[PDB]
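Data block below; observations after.
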Amino acid sequence: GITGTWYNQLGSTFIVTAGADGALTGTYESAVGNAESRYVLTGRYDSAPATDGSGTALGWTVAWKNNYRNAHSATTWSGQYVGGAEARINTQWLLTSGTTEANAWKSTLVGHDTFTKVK
Amino acid sequence: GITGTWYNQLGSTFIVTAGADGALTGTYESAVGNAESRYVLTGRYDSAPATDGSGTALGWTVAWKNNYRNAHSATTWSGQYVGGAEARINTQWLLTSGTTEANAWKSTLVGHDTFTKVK
Amino acid sequence: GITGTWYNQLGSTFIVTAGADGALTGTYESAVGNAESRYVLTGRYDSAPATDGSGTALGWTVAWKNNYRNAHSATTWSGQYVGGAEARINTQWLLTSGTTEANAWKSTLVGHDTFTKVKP
Amino acid sequence: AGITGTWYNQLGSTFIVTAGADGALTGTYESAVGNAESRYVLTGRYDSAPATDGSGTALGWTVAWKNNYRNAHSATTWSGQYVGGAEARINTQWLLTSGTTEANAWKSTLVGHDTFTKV
Ligand SMILES: O=C(O)CCCC[C@@H]1SC[C@@H]2NC(=O)N[C@@H]21
Ligand SMILES: O=C(O)CCCC[C@@H]1SC[C@@H]2NC(=O)N[C@@H]21
Ligand SMILES: O=C(O)CCCC[C@@H]1SC[C@@H]2NC(=O)N[C@@H]21
Ligand SMILES: O=C(O)CCCC[C@@H]1SC[C@@H]2NC(=O)N[C@@H]21
């Protein structure tokens, strides 16, 4: 259910393949921030989720360097996939920028992204 | 400097290889929680960091399923590598469990782990 | 604007008064968790926000002890009030439970609540 | 009662607090970093009947970063627990939200962790 194209509330595009082995691989294109075009992502998901009606835990990382620019930053998304008619991936994320030690207190943004199969 | 065996303040063991393509690959073994033995990890890091004294941004994911146990959960660590005489990786993390829709409000733990190469 | 009765996406009820010099005071009633009835809250907000369309920063705390039970925990909400035709308070929160040192790694839940004045 | 007094975190900030019998926290905060000058009002709450099994005492407080000297249009909340004894600490995680346009709301919130000691 996870493999495919997903869109969050910002209009970013998350292209992912879920491997039989628990791997997530794909590309991420952000609608905002110091980013242009596609970035590599890799992550992991629970390939044998609970028998009951529970979400499928997952996470992935983008480092914001590609052939066009380098923001010296990385975002990790941690969340769960929920299938069905209005399938969603509900996430919280941490975006860490490379900082000097003096500025490390302000290195990390936190937020939440909800991904759907429709824009 | 990222490639190696790292330990956090809980005693967990993070074995990682940093590839020239920006990939992080390896295994994680937690000293705590619903976990036993090693788990696959994958992540990304900035392969061309700033040269101005800033750390190197990175992130990785563990889904807590292996051949022995499945916690139906995933952790993402977002942080930066700080080089020096005593290299360190400073992270914040998000641990999401698969939940029902009604219990989604309590799906995600947050914390912070600091890693060094001192066993 | 901020003063009023607010409800989040869980159906929890946030009754707050914004004071002239930056105080937030009121009661919180959670629809979920180890909680029943109302709890005291206190917080702070920016009483002189920007006038450029930016939201109004604010935050508050609940310790989850009242006359009926005590969860040995506290939540803080950090967020901003967004004025307009549909007033909204958008927050992220941290819920810390009192733990032993050995369990401190799992002391804190994180989430996000959005509040409106629409009664469920 | 162990909460009442002057605390310092790892940044050099000073946290001056009084714990009321009813569960109130009141005092002042002076940050060593950020868009901040002199003391700011804080208010918060703590568990005034904590467990007696060696667990910490849950607490939180808020600073809005306006005082008579300046206004950063931001607020921080600290959520954590007090741990007593010879090496007393208040261990926290925090969320700092800046007032933003809706277009920039995705980057409104910084997250971190502060450890307060009596020294
Ligand atoms: O500005 C940067 O340093 C890189 C781009 C950051 C984009 C963030 S990642 C979290 C949030 N979700 C998105 O789809 N975009 C932003
Ligand atoms: O309990 C689970 O659901 C799986 C084990 C989680 C262990 C967490 S991940 C964050 C923290 N850092 C560690 O080294 N262990 C814990
Ligand atoms: O279970 C507890 O320890 C006390 C109740 C916590 C309820 C939380 S606070 C964050 C979220 N928002 C709500 O309205 N309820 C939950
Ligand atoms: O820059 C601002 O908007 C106001 C100052 C923020 C200071 C933060 S609060 C979290 C962290 N802990 C501190 O003691 N200072 C910083």
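Any read-out appearing in this document is the output of simple, stated calculations on the displayed coordinates, not a laboratory observation. Cβ coordinates were reconstructed from backbone atoms using ideal geometry, including for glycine residues, and neighbour counts include every protein chain displayed.
Could you list, in sequence order, the residues of the stretch B:54-80 that are closer than 19 Å to A:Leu109 by Cβ and either within 16 Å of ligand 2 (Cβ to nearest atom) or surrounded by fewer than 22 Cβ atoms within 10 Å (Cβ to Cβ) (or both)?
Hits for the stretch B:54-80 are B:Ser54, B:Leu58, B:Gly59, B:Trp60, B:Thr61, B:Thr75, B:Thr76, B:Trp77, B:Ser78, B:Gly79.
Could you please find all residues in the stretch B:1-53 being farther than 21 Å from A:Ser73 by Cα, aliphatic (A, V, I, L, M), more than 12 Å from chain A (Cβ to nearest Cβ) and surrounded by 17 or more Cβ atoms within 10 Å (Cβ to Cβ)?
B:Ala35, the sole residue that qualifies.
Please specify each residue of the stretch D:56-69 satisfying the condition of being in a loop (DSSP other than H, G, I, E, B) and at the interface with another protein chain (Cβ under 7 Å from one of its Cβ atoms).
D:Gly56
Within 13 Å of chain B (Cβ to nearest Cβ), within 16 Å of ligand 4 (Cβ to nearest atom) and not hydroxyl-bearing (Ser, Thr, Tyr): is that true of A:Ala104 in this structure? I'd like the intermediate steps shown before the answer.
Details: within 13 Å of chain B (Cβ to nearest Cβ): yes; within 16 Å of ligand 4 (Cβ to nearest atom): yes; not hydroxyl-bearing (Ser, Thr, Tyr): yes.
Criteria met by A:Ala104.
What is the residue count in the stretch C:68-82 for residues that are within 16 Å of the chain's Cα centre (by Cα), of a type in the set (A, V, I, L, M, F, W, C) and under 20 Å from D:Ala58 (Cα atoms)?
Of the residues in the stretch C:68-82, the ones within 16 Å of the chain's Cα centre (by Cα) are C:73-82.
Remaining after also requiring of a type in the set (A, V, I, L, M, F, W, C): C:74, C:77, C:82.
This time we only want the ones that are under 20 Å from D:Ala58 (Cα atoms), so: C:74, C:77.
Residues in the stretch C:68-82 being within 16 Å of the chain's Cα centre (by Cα), of a type in the set (A, V, I, L, M, F, W, C) and under 20 Å from D:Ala58 (Cα atoms): 2 in total.
Given the criteria of a type in the set (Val, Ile, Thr) and within 7 Å of another protein chain (Cβ to nearest Cβ), does B:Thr114 qualify?
No, not satisfied.
So in the stretch B:94-119, with the set limited to residues that are polar (S, T, N, Q) and assigned to a strand (DSSP E or B), which one is nearest to ligand 2 (Cβ to nearest atom)?
Filtering the stretch B:94-119 for residues polar (S, T, N, Q) gives B:96-97, B:99-100, B:103, B:107-108, B:114, B:116.
Add one more test, that the residue is assigned to a strand (DSSP E or B), and what stays is B:96-97, B:108, B:114, B:116.
Numbers: B:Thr96: 9, B:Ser97: 6, B:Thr108: 11, B:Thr114: 11, B:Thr116: 13 Å.
This residue is B:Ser97.
Filter the stretch B:83-119 for residues that are over 15 Å from the mean Cα position of the chain (by Cα), free of Cβ contacts under 8 Å to residues at least 40 places away in the same chain and either under 22 Å from D:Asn91 (Cβ atoms) or surrounded by fewer than 20 Cβ atoms within 10 Å (Cβ to Cβ) (or both) and give the result.
Across the stretch B:83-119, the qualifying residues are B:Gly84, B:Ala85, B:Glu86, B:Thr100, B:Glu101, B:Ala102, B:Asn103, B:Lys106, B:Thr108.
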